[PDB]
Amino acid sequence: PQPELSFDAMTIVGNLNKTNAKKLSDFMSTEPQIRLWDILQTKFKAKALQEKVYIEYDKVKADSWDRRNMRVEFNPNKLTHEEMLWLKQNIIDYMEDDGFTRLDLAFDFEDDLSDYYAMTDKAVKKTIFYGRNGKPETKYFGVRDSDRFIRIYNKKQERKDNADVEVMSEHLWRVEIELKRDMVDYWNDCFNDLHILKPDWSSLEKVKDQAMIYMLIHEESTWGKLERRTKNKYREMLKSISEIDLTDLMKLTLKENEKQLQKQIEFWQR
């Protein structure tokens, strides 16, 4: 099946006037439905819309690193058009120099992705979190502080664990691609380095089968131990087997929704 694609995180960074800092800082105090803390003249923190939007202004720490001075963080999937409108008009518009610092692509699949893994053509570090059952629930590829980082994890299990409403499907895995800094401008075709795979052996139904192959694939000597009637069974099986690459479906769904997603971005920049 084709995976559903959406943006799942947007950070927007800008710069805010001395005038506007106060103005905005003043505005927000008057609204009890927004929560303010860690206030000074150069600093302000806030969550808005039932805690769905984080907002941080810091002048003293913006300039100390020569950067822009205000972040706004939120998940667009969790905002209602009304809300999106509210946030743009009452916050984003008063920012200048504004662009995207973070942007996350979320591909939901109704298959089981436990055995899938990402590779860039560059050699990267991996982390896998296994459940009590011994199965893998979350996978990290690369590092979170970088232009591109990929999670592959059991959304169903994670939603269940998060006490979210239960879901009709028997399997649900996400592939999140966190694009930061300069990579955000390439979101619309990011897959040149990257492939999301599942091995040869993984595709078999039978644990003993998949072990036996894996061994044959990794220790040449293993053929020498095996009887001829057996050798043929596994020669058959080897040829019968292909590695799977979801990349292609992803690129497809991406292309299919490029224009909507693109508009959905442009919304914030006007």
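Just count from 1 along the sequence shown to find any residue number.
The stretch 92-100 shows the higher mean C-alpha B-factor when 148-156 is compared against 92-100 in the entry. Comparing the deposited coordinates for 201-209 and 26-34, the stretch with the larger average C-alpha B-factor is 26-34. Taking only the listed residues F107, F191, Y130, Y117, the entry reports the highest CA temperature factor at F191. The maximum CA B-factor among the listed residues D164, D182, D112, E178, taken from the PDB record, is found at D164.
When the modelled residues of the chain are ordered by C-alpha B-factor, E56 sits in the lowest third.
Annotation for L226: CA B-factor lies in the highest third of the chain's modelled residues. In this PDB entry, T11 carries a Cα temperature factor that places it within the lowest third of its chain's modelled residues. Among the modelled residues of the chain, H195 sits in the middle third by CA temperature factor in this PDB entry.
Placement of the Cα temperature factor of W65 within the chain: highest third of the modelled residues, per the deposited record.
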